[PDB]
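These notes concern the structure reproduced below.
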Amino acid sequence: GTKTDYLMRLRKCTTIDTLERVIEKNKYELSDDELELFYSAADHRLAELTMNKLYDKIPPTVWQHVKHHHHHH
Numbered sequence: 001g002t003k004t005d006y007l008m009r010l011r012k013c014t015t016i017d018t019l020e021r022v023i024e025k026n027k028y029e030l031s032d033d034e035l036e037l038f039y040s041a042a043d044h045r046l047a048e049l050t051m052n053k054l055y056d057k058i059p060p061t062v063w064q065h066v067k068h069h070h071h072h073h
């Protein structure tokens, strides 16, 4: 059960308000010890959604702002 499954499955959710609906599902069919995976993983997918592109590995700095960013080729 590598993080690939976590990040991919989540990252294709496509909707924030939905991300909630699933998370409650994961709640018992997964496990607390595990949930770090879902928490530590799912965040990555939030900043992208906050705008509308694709992030992929972010410093703890962002989750306090969730606004800053920069364009690039």
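Using the deposited numbering, read the sequence shown as starting at 1 and increasing by one per residue.
Even for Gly, the Cβ is constructed at its ideal location relative to N, Cα and C.
Beta-carbon gap between residue i and residue j smaller than 8 Å
i: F38; j: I58; result: no
i: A42; j: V62; result: no
i: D33; j: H44; result: no
Simplified DSSP state of residue i, which is helix, strand or coil
i: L30; result: coil
i: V66; result: coil
i: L7; result: helix
i: residue 114; result: Here the chain has residues from 1 to 73 only, and residue 114 is not among them.
i: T61; result: coil
Cβ-Cβ separation, residue j to residue i (assumed contact under 8 Å), whole Å
i: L49; j: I16; result: 5 Å
i: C13; j: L7; result: Going by Cβ atoms, the distance from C13 to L7 rounds to 11 Å, so no, they are not a contact pair.
Span separating the alpha-carbon of residue i from that of residue j
i: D5; j: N52; result: 22 Å
i: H72; j: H65; result: 20 Å
i: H70; j: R9; result: 26 Å
i: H68; j: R21; result: 27 Å
i: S40; j: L30; result: 15 Å
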